[PDB]
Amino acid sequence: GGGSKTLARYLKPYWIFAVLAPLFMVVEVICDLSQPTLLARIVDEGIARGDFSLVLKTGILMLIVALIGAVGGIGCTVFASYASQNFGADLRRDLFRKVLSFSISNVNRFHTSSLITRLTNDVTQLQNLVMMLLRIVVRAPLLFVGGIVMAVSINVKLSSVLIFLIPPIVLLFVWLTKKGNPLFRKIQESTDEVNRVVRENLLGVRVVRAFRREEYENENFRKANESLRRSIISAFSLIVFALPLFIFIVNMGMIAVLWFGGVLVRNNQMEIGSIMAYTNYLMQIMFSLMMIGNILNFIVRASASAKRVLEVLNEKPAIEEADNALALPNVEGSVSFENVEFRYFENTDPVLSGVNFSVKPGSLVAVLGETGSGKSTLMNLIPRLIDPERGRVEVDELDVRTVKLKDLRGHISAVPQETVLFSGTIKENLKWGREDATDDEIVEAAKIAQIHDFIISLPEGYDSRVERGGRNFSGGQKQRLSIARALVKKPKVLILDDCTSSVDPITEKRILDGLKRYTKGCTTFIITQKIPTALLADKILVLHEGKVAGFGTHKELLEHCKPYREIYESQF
């Protein structure tokens, strides 16, 4: 269970960058720690000893040490950049390949929204995490440890100061984090409530306004407002006390250096230069310890990203083609269910159970039922997007679990209620079913779909521009565009939902009539909840609560099939 996949394989091929980044960074750190030792030498061995060479020579030396340290840095950043960016690219790619293999069963485990955030944000956090590991995670702890090492080497005894300075700071960081985390969580809660009241008051403005109840929403917003003022004022009152207290401890620490160091120079144990470097070291230790405080905070969140990304990588696709799957060079379009029991989530009740039906090639079958009857699972089962728990689904009397998926889906067109187009042109979209389709063929399909005249009125016609997701076309325009997109594919089975956009104008009837001329050599399921729509079909599959209720014509079904009678009563 779980999975043995690991995101340390995405950094592995750029390991050289992963070693030069932190190496180069130690050169910066050593050069940064060189500086105060060289200063102390200018005064304890240069100034105090009257020689200009010393001062001049170590002075020239300090410049060189600064130019060198600068390379180490820029170096570290160059390499860490490559290491991280390549890691990100490779991770992202495998993430995307994973999702392109997912079934509906996989996608429902995560959510489509969460899946999006894992392949976007979560990728960039790990990219940063890797950057972070290769630079300040090397920089800060070496300055801290090194500064202590230097301090101790300068005067072991004075270093006792650090024992009194570091524990109170660490404890300050613990206490802040422990007492801070609930309050900042409280902010996000109040922030959200502020967003809840503004959103509902926008989306429902027509209701609150018509109900003469706007002041109640002012009253409502006040509470969310006053709460956001408090949760923020309280969280940050800590922060605004945190920082100044840190500065003091650092300061008061330097007081401890001068004072304690004062007795040591009187006792001929420390030169004044050493006291001067000790201050410069004291501050490198403290401010680096603060950076370490920050690194820890990012690690824990970034870690959550590592888990989500890993769940996706470790997920096995629910629909697998068999090793010796049957090729389907053609399909006649006969379709049967044999005792199909189906359910999207193992928690809930069965969406279908004991569903038996068969459809001869070329039939125009209306699949009629109310919401939740299971009529909408058809679109998912016939092409193999899900597999039944029990029973089998067949196309051309073949279990769809036996045939190649490319061949099977290549012959079946499904037009769901909610349509999705992709960036590019209307023509590119319409050609999704066949690249080699001629414009005449596309125009034919669009004409049947009753969308050709709309396309042709646009300034750039068919080469007109489709924006992301198809978000710039209306609902009924996307729907027909999706219908045309299906027809160009030349499907041998055609599954259409919602009849058409729920109570579409009379032109809905034209598309139906127009399909009837085309469905010669196409088995066509039209999943409607409308009696009139089901009347255009050769035969009606009536579904009630998961079990097939009846399967025939209106006159038959109006006799026996009780659900059909109940439906017909509501519509007439």
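Residue numbers here begin at 1 and follow the sequence given.
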Comparing 328-336 with 495-503, the one whose average Cα B-factor in the PDB entry is higher: 495-503
Going by the entry, of stretches 411-419 and 229-237 the one with greater average Cα B-factor is 229-237
Out of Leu385, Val149, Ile448, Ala224, which residue has the highest Cα temperature factor in the PDB record? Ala224
Comparing recorded Cα B-factors across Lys98, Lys404, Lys178, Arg485, which one is largest? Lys178
Chain-relative C-alpha B factor for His452 (record values, thirds): the middle
Can you work out whether the C-alpha temperature factor of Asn218 puts it in the lowest, middle or highest third of the chain? highest
Just say lowest, middle or highest third for the CA B-factor of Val65 relative to the other modelled residues in its chain. middle
Of the three thirds of its chain by CA temperature factor, lowest, middle or highest, which one includes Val365? middle
Split the chain's modelled residues into thirds by Cα B-factor; is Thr519 in the lowest, middle or highest one? highest
